[PDB]
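Trainee: I need the structure of the sequence given here:
(3 chains)
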Amino acid sequence: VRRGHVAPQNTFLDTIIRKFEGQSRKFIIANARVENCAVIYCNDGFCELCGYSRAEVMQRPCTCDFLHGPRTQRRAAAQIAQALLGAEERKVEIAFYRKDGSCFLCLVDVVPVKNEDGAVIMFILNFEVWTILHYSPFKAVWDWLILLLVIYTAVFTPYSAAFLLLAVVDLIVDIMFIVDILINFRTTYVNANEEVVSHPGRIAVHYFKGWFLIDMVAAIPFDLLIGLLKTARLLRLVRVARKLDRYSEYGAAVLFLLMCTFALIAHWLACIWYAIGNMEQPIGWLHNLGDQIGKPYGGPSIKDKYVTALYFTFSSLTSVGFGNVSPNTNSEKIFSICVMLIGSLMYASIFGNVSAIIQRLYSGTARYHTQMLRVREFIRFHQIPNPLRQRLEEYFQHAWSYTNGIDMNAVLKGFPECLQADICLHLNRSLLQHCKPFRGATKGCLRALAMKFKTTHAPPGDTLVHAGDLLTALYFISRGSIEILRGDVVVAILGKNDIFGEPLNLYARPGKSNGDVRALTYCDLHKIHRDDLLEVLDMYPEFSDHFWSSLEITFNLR
Amino acid sequence: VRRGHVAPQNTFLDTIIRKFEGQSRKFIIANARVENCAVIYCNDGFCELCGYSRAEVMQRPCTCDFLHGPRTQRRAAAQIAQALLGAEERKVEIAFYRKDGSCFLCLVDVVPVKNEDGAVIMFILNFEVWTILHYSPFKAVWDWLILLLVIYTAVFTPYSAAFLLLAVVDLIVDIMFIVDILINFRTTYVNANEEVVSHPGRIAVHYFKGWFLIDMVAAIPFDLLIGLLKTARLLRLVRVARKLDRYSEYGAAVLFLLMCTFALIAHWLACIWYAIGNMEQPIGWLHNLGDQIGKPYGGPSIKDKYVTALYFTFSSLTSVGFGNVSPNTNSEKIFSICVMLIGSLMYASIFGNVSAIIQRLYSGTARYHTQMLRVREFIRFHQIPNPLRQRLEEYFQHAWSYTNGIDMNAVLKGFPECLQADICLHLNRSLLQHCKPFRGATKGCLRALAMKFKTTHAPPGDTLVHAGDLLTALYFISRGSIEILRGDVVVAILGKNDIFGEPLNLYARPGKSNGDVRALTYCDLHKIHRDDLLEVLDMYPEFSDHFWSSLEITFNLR
Amino acid sequence: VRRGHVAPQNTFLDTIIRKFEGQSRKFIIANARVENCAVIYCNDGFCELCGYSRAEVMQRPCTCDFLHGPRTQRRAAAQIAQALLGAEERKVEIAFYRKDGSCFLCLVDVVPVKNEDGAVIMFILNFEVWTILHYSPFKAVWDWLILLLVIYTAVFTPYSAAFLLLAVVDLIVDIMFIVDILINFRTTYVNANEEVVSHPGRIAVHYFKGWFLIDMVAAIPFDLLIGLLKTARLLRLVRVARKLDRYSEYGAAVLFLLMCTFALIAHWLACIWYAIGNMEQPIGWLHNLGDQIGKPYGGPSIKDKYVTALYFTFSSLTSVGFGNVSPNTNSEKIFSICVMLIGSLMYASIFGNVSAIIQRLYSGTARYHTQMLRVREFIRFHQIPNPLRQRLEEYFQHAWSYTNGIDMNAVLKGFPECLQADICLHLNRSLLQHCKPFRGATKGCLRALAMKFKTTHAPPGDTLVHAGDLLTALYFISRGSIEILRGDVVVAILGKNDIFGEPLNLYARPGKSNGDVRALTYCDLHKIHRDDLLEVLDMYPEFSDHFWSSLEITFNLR
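Mentor: Numbers count the residues shown, from 1 in each chain, chains lettered A, B, ... in the order given. Here you go, the structure:
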């Protein structure tokens, strides 16, 4: 389930703006911590009085010498500056001057807003002429536990009502639904704007207008014959329907929900089918059943009566139609017509989703077989030899098994720049945090680099760069051990936290290489471009003659 | 249903061009309102006579001194200029000169076209040697009302015809279809070119060649035995089939249309099934039914006879096959074969669309579950920690709940530039209309900006820009209240109609920032680029040294 | 099945680094073959002692004069250089100097690692104060052979168990599964990291923790009545389930696997259905069958008893429901309910995949009909005449029949640059290898060109370039014979290994042509751009004044 997170630390001032916005009592705000009380906020009512707009008045000291003039006193104006130091409510009899220079009647009111800690934070200067959380590991497994005993009520109450006319087992489940109402008050909820709402003096009104009327009638045991009024227990299904987004998170669990209801749909219809046999007695199906199983009228057994009924209604809605039991009278046919119509809707709709959910559960093997055919079609098209073939086969089977066919780059760019930067910062933390050049660097830079970086994985035996190739990139080894050869002669091996390529400075163009550079293990690494890195250090002259000095590339190449 | 909108105000002259185009009587046109009667239009017949092409003759005064020469008189030429002032038909005996300079026989005819108001508008100078609307709130709900009583005719007329051989209820529905024909004449229609056609002296011929012959025979009550000729009532189904595009607008209503016809398909076949029992009497199913329900031959009941028949034909076409009732004779089997064949087509086709329509109705929950799996797969791939995790989860669940998974930018660029500009002008009306710089601006500019603007939504607690980041953009706050911090020190809060960034002028490159800039409420806002805004003010030198003077950015940054 | 390929030739040193990394006994490595023993690898433990980082120490001779100073002897230091020549273990009592210049206690240990051949390769200098392959043509067809006799066990063991209470045929299949366990030890397997593992002293532990416990119990014949314990033979199905990725490669073979199991699902249920008739005897279906086939109780035949049972369970799970045989007692209905529920899941799930597999098998004709409609819709839209029509029809039907609707370029760019270059090098081998200019060229260039090349196929009668067109490209003829005309005058015909266009040098801009250039046969060829080729020769000044001299274009154009 989605969460509202939090209302930020300075939302208290946002609500104070709304009460004086409605009141229209002109005011301004200034923070105590920031040196000399800068003008952090001001409404349009104050700006119109003096004449100076927000562009001029914002980031001005709380003294405001622009407001003062010759008519204002030295003794009276000093009491404003000392009021904000001492923290106390003062009514200040003083005049002020506008932009043009006209004196007017005014009266200031300083009101310190003391926070939960103790110390004074803001200065609003007016002028006038037990609890529980809903995404908790207790509540998490509890919402499945309620669902398991909602299935009890839907299945055991029709069997009890229709057929009879487990002593201790009933009341333990019945009392549980009375406890549920108390739980919903104490547990939290998230409105779209209201990002969580603690303290029980708020949620009460949401539960009434939300779902009390329905869920309250569900949980009423009343013992005043005529016990058919226990059909109010079926309403408890509404506790699952409102919380439908909770259970769908587990995709494989939807098969259980769809297939169990398929039994209940048959179950109710089984119970109804039997009730039709009883309420009209003159020849139909029930007397006809007494000849099949040798028990005419005494009479046949109740457990047989339920089975045959559920057996019928399954045969009808599954669209098989056995005919060991089948309708005869007009009321029996009307039922069979109703079950055929709802069954034709059900059998198409409910197993149509099952066909999608089987593909959704095993979506890996779905697209993998289609993608595999494209490689084999590509091989048959161009006629690829076995040495080259196995590199295409291995890379595809590696890359798909690495990522599970997920578009890492495509899904990333759905999000905005700041969150994109945070994702790449999380991915490239191994390099950016644990290196001598990258530690000594500003936080604005590290985000900008992270965008331009590339997490390029390299499996065993690959060839990243070859002899006489133009080094457009610069690499950083996070995992494994990478060799460097030059005609079957091992030059050097480079483990973790290593660098290779050339310093983008020496001669200002992409220089050629010595030879190959292959991986031993799953030598997973990162990669940038010289075109990318140039655009960073231009935007940051401070972090540049510092980068190259501290950074030492462990392999120069020629 | 689609609409033709209107024929524009000056379409009267377009039709006048066609009559003289066919006649080939050379002519020109000039407007009275535009100062001195400029040449607004001219055919090729006039241009060939004089020699001067449209390039030269267009936007020339009505006097036309280029046409005149020495042979033309001062008294005669003056009567042309005074004719267009006075508004009256004059036959002007005068000569004219060509491009080369040769005199010829000519004769001018001025004909003022007086509009519906009164005053003269155009001058065509010839030379020679109760109603109703079909997208109205009355007609809207009425086309559903007709559909409800078309269902009556399809269902009650086979029951009346087949079985019998509600007095007041019949004739009230029968007379309604006679009224429908009168309604179709008075109500409007839209041809592809003919954008609506009012006044009843036009639609009459469309209704005859369209659908009168079919719908006229439908509405004939004739009382001359042999009342089987009331099967003409079934034609009234054609009133729904022609208007099929009307009902599909409501997607959830298609389920009702598909599932109700499924009953009617069974209904007709039920009525036909019974008719087969009657018209051949020697042993079949009808005598066989008299043993099941204890009424052999007296005879069984008519309401039982209908039920069992509808019960059979449902069992056959649903593909269940009960066999409490089943064919025996050759004619009964031929029916069962026909129902199995149409039923196998129906059960696949009609519920195949239902499977698509269930996905189309709940298409939100369809793609949401697939998109949600991509985020969880992305989290499992890179192994994202809970603090960063919840920002990806919240943003995805916010952004999807905001737009309902709609591609706002992709769908916009399907339309052309002028309509794209009109969409963005509608979206950004809050800023463009209600700001001191943007009010004082030409209308051509406001469209060009609107394209380059971006509606970037910002939920609570996000970080749009960070400390030491290059300010490529410039922002405008439409909703909410946005803070600015610099190391947990609140600098200022900015409400609606505010601006921040830097003035693209000071030092001609992207400057760095003070610190963070976070949202409190759903602080929805707009955004452009400095790269974008440069290209506007280059194309508009007038609106530039005016923009920067009047506009004052409420936060400069360093 | 996927393969691990190989562990590269110098993976022996990677494992030696791990043992001393855990031990933390500081060391360095140097190769014998590379001239004067360059420092190929060194851990951080050695670099911290001296002070010099990897950036400085890498590619330094094994002598290391930077380590030496005044305190070190001439006689002792000489024994280090002669030790690596002679190849023998020596404990060297010597001092060394750091970066700053401080003497300390040290002791060197040279250990030559002699490879499988004989000669010395590496020098690690420590300091201190019968088999079988699993992708073989034998094992390939063998894994289908095992699958064919796993079907025997699933089908013949229930018939033997349920009904009876082929002598030589049983034990030949039974003994085979004992041989399978010995095969799995000798045959190879690939772990994700462990790219194949030969020699039987490793796989043994994988087979135990993998699947011995399940497959061992399967292959136990034990003869101690009560022969129902042969149901352990059904476990042999696990040999197919673990190897499921093997059989799916053949897409058309999945139809056999899905449809054969459909028979087995019915088969088991047929055998179970009969067992229900026997184990409760007091009236049910079995006595009821004795009246249909005239054999009451003697009794009816066993082969009839199996058929009728399989006939029933097919009718139930296929969702037909015949009712020549049908349930009566409570236990029989419980079975029928179970078969209806699993059958409703099966009939939707198993034939849902069949619907996809029919489309997957004939996916060519699927997208071909959709793509064909787009061309006909495009022709109906713009109204294309027959001469132009047939060129669109022929090209589409040619191009689709050439590639089978495969995105050659889109699938290629899923792979990285080095493997992309290898694909294009394989495609363009006909030109790059068999030409006088391209033979005399470096291997780094040939990869860079291959990316920029384009395999543009040209069928009979096409027109590649026309008169007065700007020659942006340069062509190379691999197949067929290409004419050049200029107003129905045959200028020249060019066969294989020919060139035409102009030399990118003469006047530094795209020059115009003489006339047409058409194909006779399927004259398949390659193509580049002048924009592309300029960027190559700039990056390679060596291979440029060499390209143009040796290369002679067989047709200049003007």
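
Trainee: Sticking with the closest residue to chain C within the stretch 401-550 of chain A, tell me its helix or strand.
Mentor: Using CB to the nearest CB, the closest approach of the stretch 401-550 of chain A to chain C is made by residue A:468 at 3.1 Å. In short, each C-beta sits where N, CA and C put it, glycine included. Counting by DSSP states H and E, there is no helix or strand that carries residue A:468.

Trainee: show me the contacts for it.
Mentor: By CB atoms under 8 Å, 6 or more residues apart in numbering or on different chains, the residues touching residue A:468 are A:512, A:513, C:442, C:443, C:444, C:445.

Trainee: List the buried residues of stretch A:400-407.
Mentor: Within stretch A:400-407, the residues that count as buried by 16 or more other CB atoms under 10 Å in any protein chain shown are A:400, A:402, A:406.

Trainee: Now, those residues that are in helices?
Mentor: Using DSSP state H, the subset of the buried residues of stretch A:400-407 located in helices is A:400, A:402.

Trainee: tell me which of the buried residues of stretch A:400-407 is nearest to chain B?
Mentor: Of all the buried residues of stretch A:400-407, chain B sits closest to residue A:406, with 4.8 Å by CB to the nearest CB.

Trainee: just to revisit the earlier point, now the residue of the stretch 401-550 of chain A closest to chain C. Nearest residue, chain neighbours left out?
Mentor: Excluding its sequence neighbours, the residue lying closest to residue A:468 (CB to CB, 6 or more residues apart in numbering or on different chains) is residue C:444, at 3.1 Å.

Trainee: Residue A:119 now?
Mentor: Counting by CB to CB, 6+ apart, residue A:119 lies nearest to residue A:32, which is 7.9 Å off, once chain neighbours are set aside.

Trainee: Quick check: the gap between residue A:217 and chain C.
Mentor: 33 Å (CB to the nearest CB, to the nearest Å).

Trainee: buried residues in the helix or strand in which that residue is found?
Mentor: Secondary structure from DSSP H and E places residue A:217 in helix A:213-218. Neighbour counts over helix A:213-218 (16+ other CB under 10 Å) mark A:215, A:218 as buried.

Trainee: Output the contacting helices and strands for that helix.
Mentor: helix A:167-186, helix A:238-241 (3 or more CB pairs under 8 Å, 6 or more residues apart in numbering or on different chains; DSSP states H and E).

Trainee: Could I have the CA atoms of it written out in CSV?
Mentor: Taking C-alpha atoms only, helix A:213-218 is exported to CSV below (Å, rounded to 0.1, in the frame of the first residue of the first chain):
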residue,chain,number,x,y,z
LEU,A,213,-22.6,1.7,8.5
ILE,A,214,-21.8,-1.4,6.4
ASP,A,215,-19.2,-2.9,8.7
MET,A,216,-21.2,-2.1,11.9
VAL,A,217,-24.3,-4.1,10.9
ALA,A,218,-22.0,-7.0,10.0
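
Trainee: ok now that helix, how far from the chain's centre?
Mentor: Helix A:213-218 sits 31 Å away from the centroid of its parent chain (CA atoms, centre = their mean, to the nearest Å).

Trainee: can you pull the contacts of residue A:367?
Mentor: residue A:405 are the contacts of residue A:367 under CB under 8 Å, 6+ apart.

Trainee: What of residue A:470?
Mentor: A:510, A:511, A:512, C:444, C:448, C:539 are the contacts of residue A:470 under CB under 8 Å, 6+ apart.

Trainee: And for the second one, nearest residue in space, chain neighbours not counted?
Mentor: Taking CB to CB, 6+ apart as the measure, residue A:511 lies nearest to residue A:502, with 5.4 Å between them; neighbours along the chain are not counted.

Trainee: Does the one you found belong to a helix, a strand or coil?
Mentor: Put simply, residue A:502 is coil when judged by DSSP: H, G, I helix; E, B strand; the rest coil.

Trainee: measure it to chain B for me?
Mentor: Applying CB to the nearest CB, the value for residue A:502 to chain B is 27 Å.

Trainee: Pull up the residues of the stretch 1-150 of chain A that are close to chain B.
Mentor: By CB under 8 Å from any CB of the partner chain, the residues of the stretch 1-150 of chain A that approach chain B are A:2-8, A:10-11, A:13-14, A:17, A:29, A:31, A:33-34, A:38-41, A:53-56, A:58-59.

Trainee: hmm, try it at 7 Å
Mentor: A:2-3, A:5-6, A:8, A:10-11, A:13-14, A:31, A:33-34, A:38, A:40-41, A:53-55, A:58-59 (CB under 7 Å from any CB of the partner chain).

Trainee: Of those, just the buried ones, PyMOL syntax please.
Mentor: In PyMOL, this line selects whichever of these come out buried by 16+ other CB under 10 Å:
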select buried, chain A and resi 2+3+5+8+10+11+13+14+31+38+40+41+53+54+58
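
Trainee: So which of the residues of the stretch 1-150 of chain A next to chain B are in strands?
Mentor: Secondary structure from DSSP state E places A:31, A:40, A:41 of the residues of the stretch 1-150 of chain A next to chain B in strands.
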